[PDB]
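1. To kick things off, part of the complex as it is:
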Amino acid sequence: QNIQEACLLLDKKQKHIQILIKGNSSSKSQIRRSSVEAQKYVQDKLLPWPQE
């Protein structure tokens, strides 16, 4: 019975590893977007003010 419960625990941990791998790939993609958003805000909104 302990051997069966340990197999179910192994499967739950395996599902969580898959969720974490997918989450870290998404987070890496989101950091890249946030870098481009900050640069674009500086170019479109801040840099024009000295001429006015």
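-> Okay, I see it. Numbers count the residues shown, from 1 in each chain, chains lettered A, B, ... in the order given.
2. Determine the set of other helices and strands touching the strand or helix carrying residue A:21.
-> In the assignment (DSSP states H and E), residue A:21 maps to helix A:2-41. The contact analysis (3 or more C-beta pairs under 8 Å, 6 or more residues apart in numbering; DSSP states H and E) places helix A:2-41 against no helix or strand. Bear in mind the C-beta positions are built from the backbone N, C-alpha and C, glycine included.
3. and it, how far from the chain's centre?
-> 8 Å (C-alpha atoms, centre = their mean, to the nearest Å).
4. give me the number of residues near residue A:38?
-> By the criterion of other C-beta atoms under 10 Å, residue A:38 has 10 neighbours.
5. Ok, residue A:42 next?
-> 10.
6. do the same with the one 5 residues further on
-> Each residue near residue A:47 was counted by other C-beta under 10 Å, and the total is 10.
7. go on, the one 5 residues further on?
-> For residue A:52, the count of nearby residues is 4 (other C-beta under 10 Å).
8. now residue A:8
-> When neighbours are defined as other C-beta under 10 Å, residue A:8 has 9 of them.
9. How much space separates it from residue A:42?
-> 52 Å (C-beta to C-beta, to the nearest Å).
10. sequence below should go in as chain B:
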Amino acid sequence: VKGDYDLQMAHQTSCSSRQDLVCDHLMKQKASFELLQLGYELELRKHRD
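-> Adding chain B to the chains above:
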């Protein structure tokens, strides 16, 4: 039969420990990404002020 179940239990405990090691590494990587992401949000707020 006794000798086989002790062997299976030892094998499962080793596999469970190795899964926790993989989880802990992925969570450390996740913690570093969320720090970087907060850095960009704070920078964008200073730019708006």
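11. Once more for the neighbour count of residue A:47, now including chain B?
-> 10 (other C-beta atoms under 10 Å in any protein chain shown).
12. if I look at residue B:14, how far off is residue B:35?
-> In terms of C-beta to C-beta, residue B:14 sits 33 Å off from residue B:35.
13. What are the buried residues along the helix holding residue A:21?
-> A:6, A:13, A:20, A:24, A:27, A:31, A:34, A:38 (16 or more other C-beta atoms under 10 Å in any protein chain shown).
14. Distance of residue B:29 relative to residue B:47?
-> Counting by C-beta to C-beta, the gap from residue B:29 to residue B:47 is 28 Å.
15. Those two: who's more crowded?
-> residue B:29 (15 against 12).
16. so what's the residue nearest to the spatial centre of chain A up against?
-> Nearest to the mean C-alpha position of chain A, by C-alpha atoms, centre = their mean, lies residue A:27 at 1.2 Å. Under the criterion of C-beta atoms under 8 Å, 6 or more residues apart in numbering or on different chains, the neighbours of residue A:27 are B:30, B:33, B:34, B:37.
17. got it, and residue A:28?
-> Per C-beta under 8 Å, 6+ apart, neighbours of residue A:28: residue B:33.
18. can you add chain C next? sequence is:
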Amino acid sequence: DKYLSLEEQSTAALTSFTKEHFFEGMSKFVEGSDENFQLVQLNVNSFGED
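-> Adding chain C to the chains above:
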């Protein structure tokens, strides 16, 4: 790009570690456990080819 490349190398090292010791040996060990807890009555007839 330097940081994200180091993080890819970290992820590749993790992937190597996961391949070497989860795949080649684990699948065979789980299938055999479904046999009922019959105290092996050595009944001659049913033991297969092994």
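19. Please re-evaluate the neighbour count of residue A:38 in the presence of chain C.
-> 16.
20. Would you enumerate the residues in contact with it?
-> Residue A:38 touches B:40, B:43, B:44, B:47, counting by C-beta under 8 Å, 6+ apart.
21. and with 10 Å instead?
-> Residues in contact with residue A:38 (C-beta atoms under 10 Å, 6 or more residues apart in numbering or on different chains) are B:39, B:40, B:41, B:43, B:44, B:47.
22. for residue B:10, same thing?
-> Contacts of residue B:10 (C-beta under 10 Å, 6+ apart): none.
23. That one: helix or strand, and which one exactly?
-> Assessed by DSSP H and E, residue B:10 sits inside helix B:2-48.
24. Now do that helix and helix A:2-41, the angle between them.
-> 20 degrees (axes from the mean of the first three to the mean of the last three C-alpha atoms, to 10 degrees).
25. Is residue C:49 part of a helix or strand, or is it coil?
-> Secondary structure state of residue C:49, per DSSP: H, G, I helix; E, B strand; the rest coil, is coil.
26. contacts for stretch A:4-21?
-> Taking C-beta under 10 Å, 6+ apart as the rule, stretch A:4-21 contacts B:8-9, B:11-13, B:15-16, B:18-20, B:22-23, B:25-27, B:29-30, C:11, C:14-15, C:18, C:22, C:26, C:29-30, C:33-34.
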